[PDB]
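Here's the structure, in structure tokens; my notes come after.
Quick note: numbers below take in every heavy atom, side chains included, and nothing from hydrogens, waters or symmetry partners. So you know, we letter chains A, B, ... as the sequences are listed, proteins then strands, and number each from 1.
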Amino acid sequence: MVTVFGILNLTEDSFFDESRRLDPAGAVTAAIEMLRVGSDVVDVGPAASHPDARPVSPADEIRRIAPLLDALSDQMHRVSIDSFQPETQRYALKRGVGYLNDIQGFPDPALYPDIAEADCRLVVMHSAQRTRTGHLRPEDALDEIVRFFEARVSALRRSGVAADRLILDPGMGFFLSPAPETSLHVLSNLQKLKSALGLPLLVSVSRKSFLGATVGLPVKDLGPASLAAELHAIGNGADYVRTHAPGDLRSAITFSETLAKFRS
Amino acid sequence: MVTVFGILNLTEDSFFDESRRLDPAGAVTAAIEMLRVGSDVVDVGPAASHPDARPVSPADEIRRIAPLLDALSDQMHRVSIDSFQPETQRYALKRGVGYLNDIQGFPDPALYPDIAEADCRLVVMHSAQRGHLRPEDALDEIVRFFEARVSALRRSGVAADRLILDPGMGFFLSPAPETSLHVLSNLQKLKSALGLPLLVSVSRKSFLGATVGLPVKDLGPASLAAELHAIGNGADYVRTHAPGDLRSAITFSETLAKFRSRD
Ligand SMILES: Nc1nc2ncc(CO)nc2c(=O)[nH]1
Ligand SMILES: Nc1nc2ncc(CO)nc2c(=O)[nH]1
Ligand SMILES: [Cl-]
Ligand SMILES: [Cl-]
Ligand SMILES: [Cl-]
Ligand SMILES: [Cl-]
Ligand SMILES: [Cl-]
């Protein structure tokens, strides 16, 4: 069984014009449709990853996700909030979203008691931008990721966060290293990571730099390479996938699972 | 190593308007372009596929492909002619195409001595038309079919190393998806039993539509998944509607495999 997270970036190109003004009604419509075809969970991202973007204040993040939580009130369990701001996480916490997705892997223990009371699940992502000899090399990646999760899981578990609420994301692309080889090594040997961690795995390879470096294509021609990467990840222990093309991935999952039933 | 055939259907909706008249210049432009990104080979199909279509005469087939061979004469080894008409096949031989792709599997021996003198390769496709074939009967029938057909080609002088075998997919096997699924799922035994290179064309076929429940133009992703499985199970050639997509997934898969560390 695979659970598909569909990416909803509230600050992507299609949500503003020359007035630099964001469209809340447009995002609500997109999120409803996503949940209708393709996305098991919609992953709402209020922070900008634009090269010139300044940090987004927590208050702006909350104002951006609040209208979306309003429209999805009767299906909170299909909502994930993609944010590293603890105040945004706290706000989404109390409103009862299904998931908190943190690229910093919840490093502030002052938020742990608030998380233990709630029932949401946590996507705990490893980020190698923590520095020793330099960038994360392939031969060290697996041990680094295991030691990272060993420490962060046991910290959350010490504060009352049950283990069955935890989803572990190894990180991909530049979150692992500027070198594509490190992401390729981790993805290819994902099964060994899954066995050593013993908890469900999520990956998000869709449109990442290391795909572009591998096939030599710009970010919007990476749909097919992403699908190949995702199907490979699913076959090697990934239980969750975060992707820009969720309906595409689901229909490929359905074909793969149906085809496996005919193997002799 | 995979060779990707890009489908060029000369009678798809993009190549005619209300004049019911085919546009060869648009197809030439499409062919040159798909060769530039993705397609190792372009599979040129002049025979209609419409539900209300009558058969296409060989003269019309030849008229439709002639401008394409004109535009690709300096790279004929990258050209496959998708036709079952022996007149169209003879014409293509005379202009030295790289491949003859016959969904009837070359059943007319009158053509063999002309093929034997050429140096093209042949895509010999198996079909249930000679229409229900069950999964339990599928593999033995495909093997027995090719054993007779391959021997008959070789005995008329067509060398074995020129042959590419296609099991057929979709309605060429059965109206039910189960037979295509069984054959695709167990493609490796087919390859080892036949011992010749294998081509499959699953792209957009009915059995994908029935498996994922999607119309023919939402089948890109399911097709890519099917294609990647076929490649991992002995397919040396793949005929697809999205050749640039497939080549990019193959490049990623081949690169990823190099990072698998022992056991
Ligand atoms: N869990 C997770 N979330 C992400 N959010 C944003 C981005 C990139 O903007 N990447 C990721 C990712 O790789 N994993
Ligand atoms: N070799 C080959 N050719 C085909 N041409 C047309 C179509 C469908 O129009 N299918 C095939 C196929 O499955 N294999
Ligand atoms: Cl409501
Ligand atoms: Cl999609
Ligand atoms: Cl021989
Ligand atoms: Cl038919
Ligand atoms: Cl093989």
Side-chain angles (χ1 to χ4, degrees), chain A residues 4 37-38 138-139 141-142 179-193 205 208 210-218 221-236 243 245-264, chain B residues 37-38 135-136 138-139 177-190 202 205 207-215 218-233 240 242-263:
Chain A
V4 167
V37 53
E139 41 280 1
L142 292 142
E181 302 82 359
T182 302
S183 292
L184 294 166
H185 189 254
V186 169
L187 184 50
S188 186
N189 294 285
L190 200 72
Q191 252 306 332
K192 316 214 298 223
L193 209 47
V205 296
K208 291 272 207 276
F210 79 99
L211 288 184
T214 298
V215 305
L217 283 179
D221 291 331
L222 295 179
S226 302
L227 195 60
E230 288 155 3
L231 292 170
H232 183 291
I234 281 150
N236 306 352
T243 183
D248 288 1
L249 173 60
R250 172 53 64 200
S251 83
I253 294 174
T254 294
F255 170 82
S256 278
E257 302 180 323
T258 301
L259 184 65
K261 306 181 160 156
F262 288 80
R263 200 64 172 260
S264 282
Chain B
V37 40
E136 55 270 11
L139 286 143
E178 285 78 17
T179 310
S180 302
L181 292 171
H182 177 49
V183 167
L184 179 63
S185 172
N186 301 113
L187 202 64
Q188 250 308 329
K189 305 155 190 133
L190 213 34
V202 301
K205 289 252 206 302
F207 80 101
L208 297 182
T211 297
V212 307
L214 289 179
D218 294 338
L219 291 179
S223 302
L224 191 65
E227 274 148 27
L228 290 172
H229 174 301
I231 296 205
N233 282 256
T240 181
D245 294 353
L246 175 57
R247 169 58 63 198
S248 89
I250 294 165
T251 291
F252 172 81
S253 294
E254 288 170 341
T255 301
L256 194 56
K258 295 158 139 181
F259 285 82
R260 193 49 128 91
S261 71
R262 297 181 238 128
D263 40 5

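Interatomic distance, OG of A:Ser264 versus NE2 of B:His182, reported as 5.5 Å (0.5 Å rounding). Interatomic distance, A:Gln191 CD to B:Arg260 CZ, rounded to the nearest 0.5 Å: 8.0 Å. The OG1 atom of A:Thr214 sits 12.5 Å away from the CD atom of B:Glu254 when rounded to the nearest 0.5 Å.
Residue contact with chain B, scored on non-hydrogen atoms closer than 4.5 Å, is absent for A:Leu222. Interface remark: A:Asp248 contributes backbone and side-chain atoms alike to the contact with chain B (heavy atom separation under 4.5 Å). Proximity to chain B is limited to the side chain of A:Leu227, based on heavy atoms less than 4.5 angstrom apart. Using a 4.5 Å cut-off between heavy atoms, B:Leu208 contacts chain A through its side chain alone, with no backbone atom that close. For B:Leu256, the parts sitting under 4.5 Å from any heavy atom of chain A are the backbone and the side chain alike.
Taking B:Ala226, B:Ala249, B:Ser253, B:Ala222 one by one and counting their heavy-atom pairs under 4.5 Å with chain A, the maximum is reached by B:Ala226. Most heavy-atom pairs under 4.5 Å with chain B, from the set A:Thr258, A:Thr254, A:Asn189: that is A:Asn189.
Across B:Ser261 and A:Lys192, no two heavy atoms sit closer than the pair OG-NZ, 3.0 Å.
Test B:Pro135, B:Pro177, B:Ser185 against A:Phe262 for side-chain contact (heavy atoms from CB on, under 4.5 Å) and you get one pass: B:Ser185.
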Discussion item. Is there a side-chain contact (heavy atoms from CB on, under 4.5 Å) between B:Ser248 and A:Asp221? Walk through the geometry before answering.
Written reply: CA-CA 9 Å; B:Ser248 89; A:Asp221 291 331; over 6 Å; no
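Side-chain atoms of A:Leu184 and B:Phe252, non-hydrogen and from C-beta on, do get closer than 4.5 Å to each other.
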